[PDB]
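Number of protein chains: 2
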Amino acid sequence: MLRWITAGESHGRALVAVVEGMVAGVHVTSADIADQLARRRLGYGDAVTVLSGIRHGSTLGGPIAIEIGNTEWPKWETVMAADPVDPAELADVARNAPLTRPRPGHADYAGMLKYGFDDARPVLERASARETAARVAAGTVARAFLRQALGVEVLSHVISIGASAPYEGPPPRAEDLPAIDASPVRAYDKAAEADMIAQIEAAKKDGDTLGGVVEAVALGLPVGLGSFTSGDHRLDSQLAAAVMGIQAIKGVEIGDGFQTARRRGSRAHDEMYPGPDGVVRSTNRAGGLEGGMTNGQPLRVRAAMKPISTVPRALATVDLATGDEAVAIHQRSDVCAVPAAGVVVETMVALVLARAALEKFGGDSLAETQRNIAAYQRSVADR
Amino acid sequence: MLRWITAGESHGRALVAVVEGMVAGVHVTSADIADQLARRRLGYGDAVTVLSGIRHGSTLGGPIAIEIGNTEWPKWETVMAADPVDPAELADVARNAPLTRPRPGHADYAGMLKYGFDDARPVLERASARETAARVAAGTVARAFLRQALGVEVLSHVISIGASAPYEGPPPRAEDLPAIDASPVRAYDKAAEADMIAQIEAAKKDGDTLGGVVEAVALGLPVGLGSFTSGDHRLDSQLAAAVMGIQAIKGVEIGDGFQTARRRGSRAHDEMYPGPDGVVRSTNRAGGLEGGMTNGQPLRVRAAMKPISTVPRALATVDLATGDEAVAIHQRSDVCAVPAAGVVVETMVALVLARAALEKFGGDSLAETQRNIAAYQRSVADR
Ligand code: NA
Ligand code: NA
Ligand code: NA
Ligand code: NA
Ligand code: NA
Ligand code: NA
């Protein structure tokens, strides 16, 4: 089974992603990884070393380990040293001071209590969204597989930021990605773009921060990934887990999501009609999933992100050392990370889709998986 | 690790739930199970046999197997026979006729293609929401554990059905459950109740069907279930998987969810203040989770359900046998199943919470787990 794991602290030496269970023969390079890491850095308001699992630009079949360096490591090499440091030397280092005032909205408080820590540092170092870089590295392998095996593309666009009027037009196609990635807020629609940029400008002036909604779209999927046989096998379950597990995400929808719940059955679903090469539909309210399976239509997954950067001077907290009232201090200064969150959602979607495809189509090498896919597609067409 | 699995077809002999990894010593009976199954039958518009794992009303520590009979089995005992039946005898049975016209919105089409079936019967039998009965049986064990180990209660109430004005007042407490369960639409609020009942009456008159939004609330949780250490360990990920995997669910939110994404950082989070016995908060926008962990506040999980019963004569489909146009025929006749969906969401929430509690607190018997919980609570209080 395809599996992924990330490791690293925000201010540690490096991050590591390991992907286990990918077939041999998938073409992927350090340059591909770096490119996706560059996309994760997009938005208005990462030295890669492949350590294992890839040879001469082709996966080997074994575990793929990717390291992502921390460029600021020299500043942190004592405070975040793996090995013991003389506590007296450490006592003279201002950077190593105690963080005992948890930020509302973050892991700090619950993580400190959970693990019995008197300092937020060990919590925030691992909880931080810097970890999504390691996710994106892993996701690159999944992306390559999906394209080479299935001709599938995963992209995203931003629906809303702050109080912007949500973009409710049709989703983009793959060929629209260059224009989206060139948008300061990775919007597909120019009117929504302007509205969102205005929201960011206003927040920036007010010294405030914003969240937003993003949509990942996966195109070209075969019918029948996921299953109806149990709750855990439904692809929507799997996608929900992968997307909700992203830092700052507080909601996930498939297709028209919560709006579908307000609609009558007569207008809620996607009717089917005859076509040359199979059943066709004129709507995709379902967002490409029915009964837990891909149905041939674009997969559409939406994620709601809370504002992720803490606001200066606004939020009351408690100094856990004393029990006294305090005010929370920020660790990040960006007004909005929604555009980049879209890229992270793409990654998580790709990983789940790749896993589901390997579950159905099997194989130990790409050529084998491809034969299996072709035979399945033939069997469907011959219906 | 606590694990659950369901088995059964809608018109098979019986359903089975198996729960593995529950501690010995939890008090739970067949009558408790039947009571929760009765709750699953609530809403305006199940013979239980415990086979293993419980002795004299106390769990044994091994796998708990619960069987739920199908009262209509005699009608289906040939059509759904496990063993071969003479195809000629079968050919004279109208009930065994082919279902080759997939219902929009259901598993039928994708499941037929996935598994190479020329009949929807094997798909709809397993995909059907009758399977949620087996979930509720399993969930009863989880509920008992949560109450006995942690004093935790899980309940639900309905937010909206069809185009009703959503209830956005405060959530109920445990002591409100009798009033909610006595409501025809399991609403906490009388004004919202009337609005929802009107929606159902209008749909019923029009020969249409409805979906809706429900909120599960879990009260009394300790701080620090779930973790920030990876995407899969975040409790919101786990809850999202469990809830989105329920039939007909198309969206999941934690706390204020998608609305949080429209708010500024200054008004999006729950500030902390000093209190006698620990940090206190005046808001719960987060819905009881921060950084993937319980934070002490009520857990609030919302689920969006599409309308789940097919509408007579409305939906075009295709006869897969011929390629000809057709109109979809329904398998269920209820206008709205939202109130009951709430009960199923409670179950899935309970199962995930019980699993997370056993992960942190360990133990093989309830008394052992309880000692571990008490010691943790003491250690927190002694901060
Ligand atoms: Na780590
Ligand atoms: Na190959
Ligand atoms: Na679409
Ligand atoms: Na079964
Ligand atoms: Na015990
Ligand atoms: Na609350």
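Read top to bottom, the protein sequences are chains A and A'. A prime marks a further copy of an entry chain.
Read left to right, the first sequence gives residues 1 to 45, 55 to 392 (PDB author numbering).
Read left to right, the second sequence gives residues 1 to 45, 55 to 392 (PDB author numbering).
For every residue, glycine included, the Cβ atom is placed at its ideal position computed from N, Cα and C.
* Asked: Taking contact to mean at least 3 C-beta pairs separated by less than 8 Å, is the stretch 228-236 of chain A in contact with the stretch 117-124 of chain A'?
  -> yes
* To do: Counting only the same chain and skipping the five closest in sequence on each side, list residues whose C-beta sits under 7 Å from that of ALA153 (chain A).
  => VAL26, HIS27, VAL28, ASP32
* Asked: So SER137 (chain A') is in the alpha helix (DSSP H); what residue range does that whole segment cover?
  -> No alpha helix (DSSP H) holds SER137 (chain A'); DSSP gives it neither H nor E.
* **DSSP three-state assignment for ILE255 (chain A'), whether helix, strand or coil** => coil
* To do: Kindly indicate the opening and closing residues of the beta strand (DSSP E) around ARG309 (chain A).
  => 308-314
* Asked: What residues does ligand 2 have around it, judged by CB closer than 5 Å to any heavy atom, in chain order?
  -> A:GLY25, A:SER374, A:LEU375, A:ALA376
* Using a Cβ-Cβ cut-off of 6 Å (strictly less than) and excluding sequence neighbours within five positions of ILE5 (chain A), which residues of its own chain qualify? -> Excluding sequence neighbours, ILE5 (chain A) sits near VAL18.
* Asked: Apart from the five residues on each side of it in sequence, which residues of its chain come closer than 6 Å, Cβ to Cβ, to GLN247 (chain A')?
  -> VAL361
* Please name the residues in the stretch 302-316 of chain A whose beta-carbon is closer than 7 Å to at least one beta-carbon of chain A', in chain order. => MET302, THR303, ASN304, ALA313, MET314, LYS315, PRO316
* Do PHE267 (chain A') and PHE267 (chain A) have their C-beta atoms within less than 8 Å of each other? -> yes
* Three or more beta-carbon pairs under 8 Å between the stretch 217-227 of chain A and the stretch 315-322 of chain A, yes or no? -> yes
* Asked: With a cut-off of 8 Å, does the C-beta of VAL327 (chain A') fall near any C-beta of chain A?
  -> Taking Cβ atoms only, chain A reaches closer than 8 Å to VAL327 (chain A'), which makes this a yes.
* Asked: Could you name the residues, in chain order, whose CB is less than 6 Å away from a heavy atom belonging to ligand 1?
  -> A:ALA7, A:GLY8, A:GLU9, A:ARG135
* **Same chain, Cβ closer than 6 Å to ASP55 (chain A), five either side skipped, listed in chain order** => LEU37, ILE77
* Rounded to a whole number of angstroms, what is the C-alpha to C-alpha distance between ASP265 (chain A') and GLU177 (chain A')? -> 10 Å
* Opposite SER165 (chain A) in the DSSP bridges: which residues? -> For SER165 (chain A), the pairing in a beta bridge is given by DSSP as A:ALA225.
* Could you list the residues in the stretch 117-142 of chain A' with a C-beta less than 7 Å from some C-beta on chain A, going in chain order? => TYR118, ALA119, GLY120, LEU122, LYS123, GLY125, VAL132, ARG135, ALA136
* Cβ of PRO181 (chain A') within 7 Å of any heavy atom in ligand 6? -> no
* What beta strand (DSSP E) runs, 3 residues minimum, are completely inside the stretch 157-218 of chain A? -> Correct list: 162-170.
* To do: Find the nearest neighbour of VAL353 (chain A) within the set A:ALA7, A:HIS278, A:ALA225, judged by alpha-carbon distance.
  => A:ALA225
* Are there three or more Cβ pairs, one per stretch, closer than 8 Å when the stretch 286-301 of chain A is compared with the stretch 327-342 of chain A? -> no
* Distance cut-off 7 Å: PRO307 (chain A') Cβ against heavy atoms of ligand 6 -> yes
* Span of the beta strand (DSSP E), counted from its first residue to its last, around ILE338 (chain A') -> Here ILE338 (chain A') belongs to no beta strand (DSSP E), and DSSP marks it neither H nor E.
* **Assigned secondary structure, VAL28 (chain A) (DSSP; H/G/I helix, E/B strand, else coil)** => coil
* Asked: So what does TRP4 (chain A) bridge to, in DSSP terms?
  -> A:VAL19
* **Classification of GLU202 (chain A) by the beta-carbon crowding that lies within 10 angstroms, buried from 16 upward** => Flag for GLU202 (chain A) reads buried.
* Could you work out which residues of chain A' lie near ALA172 (chain A), taking near to mean beta carbons separated by less than 8 Å? => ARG271
* Taking Cβ positions only, does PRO111 (chain A') come closer than 8 Å to chain A? -> Contacts with chain A at 8 Å (Cβ-Cβ) include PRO111 (chain A').
* Closest Cβ-Cβ distance between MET205 (chain A') and chain A: below 8 Å? -> no
* Asked: Closer than 7 Å, Cβ to any Cβ of chain A': which residues of the stretch 15-34 of chain A, in chain order?
  -> Per Cβ criterion, the list is empty.
* Grouping DSSP H, G and I as helix and E and B as strand, with all else coil, what is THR378 (chain A)? -> helix
* Is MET302 (chain A') near ligand 7, judged by its Cβ being under 7 Å from some heavy atom? -> For ligand 7, the structure offers nothing, since it holds only ligand 1, ligand 2, ligand 3, ligand 4, ligand 5 and ligand 6.
* Asked: When you compare each of A':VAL167, A':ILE382, A':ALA325, A':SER388 to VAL161 (chain A') by their alpha carbons, which one comes out closest?
  -> A':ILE382
* Separation of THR141 (chain A) from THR269 (chain A'), as counted between CA atoms -> Approximately 21 Å between the Cα atoms of the pair.
* **Whole-number beta carbon distance between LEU108 (chain A) and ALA136 (chain A), since they are thought to touch under 8 Å** => Not confirmed; about 12 Å, so no contact.
* To do: Return no unless some Cβ of chain A is closer than 8 Å to the Cβ of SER342 (chain A').
  => no
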